[PDB]
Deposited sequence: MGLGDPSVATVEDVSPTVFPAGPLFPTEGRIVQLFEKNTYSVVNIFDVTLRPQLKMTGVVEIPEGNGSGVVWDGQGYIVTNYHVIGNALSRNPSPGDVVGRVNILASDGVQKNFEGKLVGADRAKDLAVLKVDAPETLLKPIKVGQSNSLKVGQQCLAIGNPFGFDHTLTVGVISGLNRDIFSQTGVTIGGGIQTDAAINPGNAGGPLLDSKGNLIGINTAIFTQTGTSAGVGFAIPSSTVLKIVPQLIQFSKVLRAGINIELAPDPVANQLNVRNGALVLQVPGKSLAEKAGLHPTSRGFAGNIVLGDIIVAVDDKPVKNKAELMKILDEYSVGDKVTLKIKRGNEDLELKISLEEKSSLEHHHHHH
């Protein structure tokens, strides 16, 4: 029977083939060394720079980070593809980690020649409809690719960390164990996010997955490198996710859902939402501005606070009913999902 040889590719698939090939080198495989395999976690990472710094999800080395390691502790095995086409194995020493953003940084001792840093794009200028490519190196002997479009922006990631991440990219490229921790790339091969594994509420797939946007990666990684951690200042309250807030007709601001016992929030004058014995619902305060740096949703509020330091005193502009009130509060050090 006649076998037709590989012929020229069409323009679009041709470009994807080239983008994938070129970026394979920048996508590493990571094995969590604390896992005794079945001899009868883990995933991908991205080469951050020529120094040997590696970026991955907190979760891909979750089990290891659950053992309270200090910087320098060998926490991963890293496989890096060389020009020779073969993957070389390196010690991944822990640099820093941040569970809230499901990001972890490792450092490798490797020849700069061997290391090919990912190109970084701007996630803030992404448009729904843009092509994206999710690359993985899940086992350190090959690479994987899924392709789809930016499906939504500024969506919550229900990370398998257990903590939900605000401001996530949604894509209809398949995101799975084969690419978790690896890069989401745009049509130019620029990193626009980190493929992030999630848990859904139900068992059924909605056919879409998620990436931590590069804007967040750029903000977090250097902090992890310098300080091994991100110290955050904020308010220990529970705010409504955009979907809940909007369903309750809160179109603007951060709706306060809960304000726990004797909290700083309590003492400053902030009210939660509830149901009365009638079945009536009683809306909580809505934070519209910090000082008066405008707030329009939960996620942006978090990003406002994440930059102040502990003890900073600020002025919350709030909405309760139709009124508009200013409130003082001091910030202290800064939760999960049911998935």
List in ascending order the stretches of the deposited sequence, numbered from 1, that lack C-alpha coordinates.
1-15, 56-64, 359-361, 367-368
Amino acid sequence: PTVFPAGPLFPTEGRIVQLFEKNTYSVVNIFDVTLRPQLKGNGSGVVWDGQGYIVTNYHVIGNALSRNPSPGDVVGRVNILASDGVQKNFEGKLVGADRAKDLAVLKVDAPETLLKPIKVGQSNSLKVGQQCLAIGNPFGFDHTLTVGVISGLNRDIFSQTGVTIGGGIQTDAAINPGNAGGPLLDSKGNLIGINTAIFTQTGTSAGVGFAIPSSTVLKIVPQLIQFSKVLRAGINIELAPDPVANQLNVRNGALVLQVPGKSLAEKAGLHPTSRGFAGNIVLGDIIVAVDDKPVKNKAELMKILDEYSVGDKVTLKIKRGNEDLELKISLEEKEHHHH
From here on, numbers count along this sequence of modelled residues.
Please compare 193-201 with 142-150 and say which has the higher mean C-alpha temperature factor in the record.
193-201
So 255-263 or 235-243, which one's hotter by mean CA B-factor in the entry?
255-263
Looking at 308, 58, 31, 48, which has the highest CA B-factor as recorded?
308
Splitting the chain's C-alpha B-factors into thirds, which one does residue 97 fall into?
middle
Taking the chain's C-alpha temperature factors as the reference, tell me which third residue 124 falls into: lowest, middle or highest.
middle
Residue 27 by Cα B-factor - lowest, middle or highest third of the modelled chain:
lowest
Quick check on the deposited entry: does the C-alpha B-factor of residue 112 sit in the lowest, middle or highest third of its chain?
highest
Among the modelled residues of this chain, does the Cα B factor of residue 84 put it in the lowest, middle or highest third?
highest
